Amino acid sequence: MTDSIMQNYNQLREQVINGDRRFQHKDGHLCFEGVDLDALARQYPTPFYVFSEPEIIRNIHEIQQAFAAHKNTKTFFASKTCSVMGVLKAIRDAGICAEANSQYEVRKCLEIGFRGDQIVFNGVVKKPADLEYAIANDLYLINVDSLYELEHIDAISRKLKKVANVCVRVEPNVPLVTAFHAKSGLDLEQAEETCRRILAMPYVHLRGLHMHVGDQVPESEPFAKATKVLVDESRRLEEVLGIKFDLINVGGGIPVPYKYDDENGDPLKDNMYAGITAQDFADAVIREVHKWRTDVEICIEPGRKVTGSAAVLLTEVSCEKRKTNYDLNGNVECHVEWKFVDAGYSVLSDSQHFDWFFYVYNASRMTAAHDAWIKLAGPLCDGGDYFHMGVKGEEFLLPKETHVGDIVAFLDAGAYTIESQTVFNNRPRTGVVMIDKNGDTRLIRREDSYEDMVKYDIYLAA
Amino acid sequence: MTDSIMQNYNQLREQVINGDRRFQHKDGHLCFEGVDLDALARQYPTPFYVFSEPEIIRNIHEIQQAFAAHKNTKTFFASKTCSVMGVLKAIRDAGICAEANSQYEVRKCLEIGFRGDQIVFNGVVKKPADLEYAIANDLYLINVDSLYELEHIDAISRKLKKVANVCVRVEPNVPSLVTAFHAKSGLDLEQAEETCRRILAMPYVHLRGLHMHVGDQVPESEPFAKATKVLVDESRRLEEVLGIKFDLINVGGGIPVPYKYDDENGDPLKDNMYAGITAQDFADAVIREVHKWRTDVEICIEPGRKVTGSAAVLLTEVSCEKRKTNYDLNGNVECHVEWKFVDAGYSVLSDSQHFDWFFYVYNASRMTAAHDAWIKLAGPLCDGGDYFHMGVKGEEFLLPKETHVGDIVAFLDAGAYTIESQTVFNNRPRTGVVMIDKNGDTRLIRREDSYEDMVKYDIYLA
Ligand SMILES: [Cl-]
Ligand SMILES: [Cl-]
Ligand code: NA
Ligand code: NA
């Protein structure tokens, strides 16, 4: 099976450089939107992430084209996915809106140019200061996640004499037990009284209901079933309360392919295979909404799908070693070829914490057979800081000729990879480079400096 | 039985405030070294960590007393555990040395006042710039982790005309994990002789001894005994073969800390939140093996977790609450779940999520009240997985039924691997840090990240 696994992985490698809209090859090197990534990693210090504005645009087009059957669709990028200002700017320039998950995310979205009417603010803990900031900035939506929080929305909107526009988050029990496993939202049974309360509030304007199914969802059925619950309650409440809702917000969760050989993958057992497309998500949602109204606005909150495929992590092979296991008589049992790169799980956190797979290739030797089994380690002083989600078990494939100094690329590294970095071991969080629409590159986030990292501390100087 | 679990947890609670060397009660509140933690969390915004210099001192005393049978012991705090400058200063002033795990860790140790001869620099990826910085600063030890890295140490020490003092890291294959497959660090035992012979010939590299590090939160003494014996046996053999006398042996870290205290109810080999050994057991195993070789040689140890783990509390305010109910198909209640939301989630206390780490949780504002209600404890991140899964019983915690929004929740034993592992996910800031000094007074030693801090790393058009 290993030889066939090796054959299959090299077929995937060839597809990257001859059949992928993002990539080419030049001088033996992987190129991204025409940019030679080996050369790029000689210009900027590794490790760093490189984002593609062209690919973000293609992803947004996929999402928007998926919703062509429903004209009144509004798309809010879930900025917890990635909020580097230059990424947010590319997303704003590509024509969609923004969902924010904290006061500082709201502020960043406003500062990069999203208008208040292009921002949704969601959360389970929206303290009075957070709500005051959001209400004062006339956000399109602030979700209502609990009755406790709603009391603060009422009080603060009254204090500011400013209308707060809200959607009530309802998390349906769609059979694993919503009460035990879903911290967010209200129960369906609480929706009516919550909406009745809001109608009576002078400065709180009820716009619709909200749900969010989850992340990297491998089937369309959960979106259909959950949307139907919220549509049925929306229809019922319009009748009971004598109102017409502005909108329904169905959240995010469109998956991204992290493994591409779907013929060999089962998305229900390995959700690195994308089980559905944006079109499947849209078909499920739109079909359920149109059983109630065709004119109502549908709000969607895609995160991962906007940026996931649109970045690469570039990391230099910085050390190598061979480790050999010997039996008790001194005979070799096996050899392990370790390659150390300058990025570990403080840089690429989900590879460790969420068992996330990313394709790994030698970008400096992209046209060479990846014919050697290796283990790939990071630089942290932690026995667990190596990449466990290999091609076969914990083993990766690289050219046997791989050399210290080569650039390794992790593909599909654009979602949930920047804000989740740490300064563990006082290794810096990475710089970030952007490829713009013209194929030109610029730095959009600096690498943390020494002074950056000590300046939060308060201590007598030396 | 849940009643017995509740009774046991409340016995543990009473032992915190009437038995534990760290804690007391006043005005119904948990006190740490006499500091009322409810009051403290009204002076500083939550969430934040509070460290105890007294408890750091007690932990260091435990470690050093454990080594009483071997006078020439040098203790290096593994600063990857916590490198806030004021914490490092407390450890420096307690009289021990520092182990560093990156160039910037070396620099901050020097800056806070550790001399070069008090610093060990360890790593698997020590780039030429890292090595030049370390060698220029006359560090007590730079470990040798690979043959590749050793070539840089030789070349750079020659260029600087400064002696690099080294210990060769050897990771034994001790049957338990397979070292070649699961241990990225160190050289094989079989490589130690030639590596040492080559160092002896280098003009500006000085061989001091061998190094190993077993692991973290180790619940048995046998791993230390077996691994130390391998390194002692090879040390003795190399002294004979090469005609040298080693300065030292470095046996690393891994002394566990109790995260659950009711040892009568635990199996440390199945649940390593129970500490399976004490510092005395660690020292007994190490010293016994070293003294079969030499009683005069220096033993270097690298404790991390044990120095600071018990010495901090995370204080976080209950900031929201809700009740979720599962209803049967007749609308009758199947069960209720009481959710309490605190202002810290796994971006603040990462190991609670990523390493399934248990920390005792109490209501510091109601510390003398029976913790008599089962609750689920959630953080503030917009992520369904951001709740604390490592409960008292399954995913459930115990708090007083009188718990109210505004109460302060404490997580105990929050001093190891809790600061540098924080993130800005959702653009929630990394926390402030307070220190209780040995006189019982408090000061801020790290600010909470500001909004400026969220964006100043980014390069964007205004
Ligand atoms: Cl839009
Ligand atoms: Cl010492
Ligand atoms: Na109203
Ligand atoms: Na020498």
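Letters A, B, ... mirror the listed sequences (proteins, then strands); counts begin at 1. All heavy atoms count here, side chains included; hydrogens, waters and symmetry mates do not.
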For [X], which atoms come within 4.5 Å of any heavy atom of chain B: side chain, backbone, both, or neither?
{"X": "A/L188", "answer": "neither"}
{"X": "A/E451", "answer": "side chain"}
{"X": "A/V341", "answer": "backbone"}

With a 4.5 Å cut-off on heavy-atom pairs, point out which of [options] contacts chain A the most.
{"options": "B/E149, B/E317, B/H182", "answer": "B/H182"}
{"options": "B/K127, B/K376, B/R446, B/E171", "answer": "B/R446"}
{"options": "B/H336, B/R107, B/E105", "answer": "B/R107"}
{"options": "B/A183, B/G385, B/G345", "answer": "B/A183"}

Would you confirm whether [X], through its side chain, and [Y], through its main-chain N or O, come within 3.5 Å as a donor-acceptor pair?
{"X": "A/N325", "Y": "B/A180", "answer": "yes"}
{"X": "B/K322", "Y": "A/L186", "answer": "no"}
{"X": "B/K80", "Y": "A/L380", "answer": "no"}
{"X": "B/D458", "Y": "A/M85", "answer": "yes"}
{"X": "B/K108", "Y": "A/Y450", "answer": "no"}
{"X": "B/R447", "Y": "A/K455", "answer": "yes"}
{"X": "B/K89", "Y": "A/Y459", "answer": "no"}

Between [options], which residue shows the highest count of heavy-atom pairs closer than 4.5 Å to chain B?
{"options": "A/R429, A/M434, A/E394", "result": "A/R429"}
{"options": "A/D215, A/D382, A/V454, A/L443", "result": "A/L443"}
{"options": "A/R427, A/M453, A/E111", "result": "A/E111"}
{"options": "A/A462, A/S318, A/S346", "result": "A/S318"}
{"options": "A/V404, A/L460, A/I112, A/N173", "result": "A/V404"}

Any chance you could measure B/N122, atom CG, to A/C381, atom SG, to the nearest 0.5 Å? 6.0 Å
Here the gap from A/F340 atom CZ to B/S185 atom OG, rounded to the nearest 0.5 Å, amounts to 6.5 Å
Chain A contact via [X] - side chain, backbone, both or neither, heavy atoms under 4.5 Å:
{"X": "B/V124", "result": "both"}
{"X": "B/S450", "result": "backbone"}
{"X": "B/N426", "result": "both"}
{"X": "B/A100", "result": "neither"}
{"X": "B/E190", "result": "side chain"}
{"X": "B/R443", "result": "neither"}
{"X": "B/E396", "result": "neither"}

List in chain and number order the residues that pass ring-ring contact (aromatic ring centres under 6.0 Å, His included) with B/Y148, two or more places apart in sequence or in another chain; answer none if no residue qualifies. B/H152
Ring-plane angle category for B/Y346 and A/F354, please: parallel below 30°, perpendicular beyond 60°, tilted otherwise. tilted
Crowding at NE2, B/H404 (>12 non-hydrogen neighbours, <6.0 Å): no
Sort and list the pairs that fulfil salt bridge (charged side-chain N to carboxylate O under 4.0 Å, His left out) and have at least one residue in residues 176-188 of chain A, not counting sequence neighbours. A/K183-B/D386
Within residues 415-422 of chain A, which residues come under 4.5 Å of chain B, heavy atom to heavy atom? A/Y416, A/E419, A/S420, A/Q421, A/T422
Taking side chain as C-beta onward, heavy atoms only, is B/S146 less than 4.5 Å from A/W338? no
With sequence neighbours left out, the residues meeting side-chain contact (heavy atoms from CB on, under 4.5 Å) with B/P47 are B/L314, B/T316, B/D343, B/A344, B/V348, B/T431
Run the side chain to side chain contact (heavy atoms under 4.5 Å, CB included) check on B/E334 and A/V177 step by step: do they pass? CA-CA 11 Å; B/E334 288 184 2; A/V177 179; over 6 Å; no
